[PDB]
Amino acid sequence: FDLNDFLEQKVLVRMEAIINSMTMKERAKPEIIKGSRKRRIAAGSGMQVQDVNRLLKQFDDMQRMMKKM
RNA sequence: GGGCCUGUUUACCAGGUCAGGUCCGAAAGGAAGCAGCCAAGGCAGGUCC
């Protein structure tokens, strides 16, 4: 399960805008989505970093349920 | 090293185009733009100078 599968799954519109701003590698391994990258992603999808951060936490929450389902 | 070619590589760090999204506007419409791709660069090879 990754930022892609999670993408498979209104405010949802922006759940995209964000992910749509990433790289196949980021989607393939979020555990590297640091500040520099974040900052990029936020402005990428006209969001605030804390928006990205949240979306990271959200998927995080599910990735969890996945790594324990 | 240069030209041409091919393989490969390259998140943002004044290239181009920008799906998605965002911004300003009552509207009409403007603007900045991530990923992609294009291009450019890196690493090699083939080839010609």
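Heavy atoms only: backbone and side chains are in, while hydrogens, waters and symmetry mates are out. Chain identifiers are assigned alphabetically (A, B, ...) following the order of the sequence lines, protein sequences preceding nucleic acid strands; residue numbering begins at 1 within each chain.
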Side chains of [X] and [Y] in contact at under 4.5 Å (non-hydrogen atoms):
{"X": "A:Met47", "Y": "A:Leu55", "answer": "no"}
{"X": "A:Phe59", "Y": "A:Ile19", "answer": "no"}
{"X": "A:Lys38", "Y": "A:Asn53", "answer": "yes"}
{"X": "A:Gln9", "Y": "A:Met15", "answer": "no"}

Quickly work out the [X] [atom1] to [N] [atom2] distance and round it to whole Å.
{"X": "A:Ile18", "N": "B:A35", "atom1": "CD1", "atom2": "P", "result": "15 Å"}
{"X": "A:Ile41", "N": "B:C34", "atom1": "CD1", "atom2": "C1'", "result": "9 Å"}
{"X": "A:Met47", "N": "B:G33", "atom1": "CE", "atom2": "P", "result": "17 Å"}
{"X": "A:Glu16", "N": "B:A35", "atom1": "CD", "atom2": "P", "result": "18 Å"}
{"X": "A:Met22", "N": "B:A19", "atom1": "CE", "atom2": "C1'", "result": "17 Å"}
{"X": "A:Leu7", "N": "B:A19", "atom1": "CG", "atom2": "P", "result": "18 Å"}
{"X": "A:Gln48", "N": "B:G21", "atom1": "CD", "atom2": "P", "result": "17 Å"}

G-U wobble or Watson-Crick pairing nucleotide for [N] (cut-off 3.5 Å, both distances):
{"N": "B:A27", "result": "none"}
{"N": "B:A14", "result": "none"}
{"N": "B:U47", "result": "B:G3"}

Got a second to check how far A:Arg37's CZ is from A:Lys25's NZ, nearest 0.5 Å?
8.0 Å
Rounded to the nearest 0.5 Å, what separates atom OG in A:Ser21 from atom CD in A:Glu16?
11.0 Å
Expressed as a whole number of Å, how far does the [atom1] atom of [N] sit from that of [M]?
{"N": "B:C24", "M": "B:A28", "atom1": "P", "answer": "16 Å"}
{"N": "B:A32", "M": "B:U9", "atom1": "P", "answer": "34 Å"}
{"N": "B:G33", "M": "B:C13", "atom1": "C1'", "answer": "16 Å"}
{"N": "B:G29", "M": "B:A14", "atom1": "P", "answer": "34 Å"}
{"N": "B:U47", "M": "B:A35", "atom1": "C1'", "answer": "37 Å"}
{"N": "B:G21", "M": "B:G36", "atom1": "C1'", "answer": "15 Å"}
{"N": "B:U22", "M": "B:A27", "atom1": "P", "answer": "15 Å"}
{"N": "B:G20", "M": "B:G7", "atom1": "P", "answer": "32 Å"}

Transitive ILVMFWY side-chain link A:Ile18 to A:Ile32, under 4.5 Å
no
Transitively linked via ILVMFWY side-chain contacts under 4.5 Å: A:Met24 with A:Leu3?
no
Contact list (N/O, under 3.5 angstrom) for nucleotides 38-40 of chain B vs protein:
none

A:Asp5: partners by side chain to side chain donor-acceptor pair (under 3.5 Å), with sequence neighbours left out
none
How would you list, by chain and number, every residue that makes a side chain to side chain donor-acceptor pair (under 3.5 Å) with A:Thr23, sequence neighbours excluded?
A:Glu26
Salt-bridge test for A:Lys57 and A:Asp60: reply yes if a basic N is under 4.0 Å from a carboxylate O, no otherwise.
yes
Contacts of A:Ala42 that satisfy side chain to side chain contact (heavy atoms under 4.5 Å, CB included) - sequence neighbours left out:
A:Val49, A:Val52
Pairwise N/O distances under 3.5 Å, protein to nucleotides 30-32 of chain B:
none

Heavy-atom contacts, protein to nucleotides 7-16 of chain B, under 4.0 Å, summarised as B (base), S (sugar-phosphate only) or - (none) per nt, yield ---SBB----
Not counting sequence neighbours, which residues clear salt bridge (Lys or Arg N to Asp or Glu O under 4.0 Å) with A:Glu8? List them please.
none
Report yes if the base rings of B:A19 and B:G20 sit with centres under 5.5 Å apart and an interplanar angle under 30°; otherwise report no.
yes
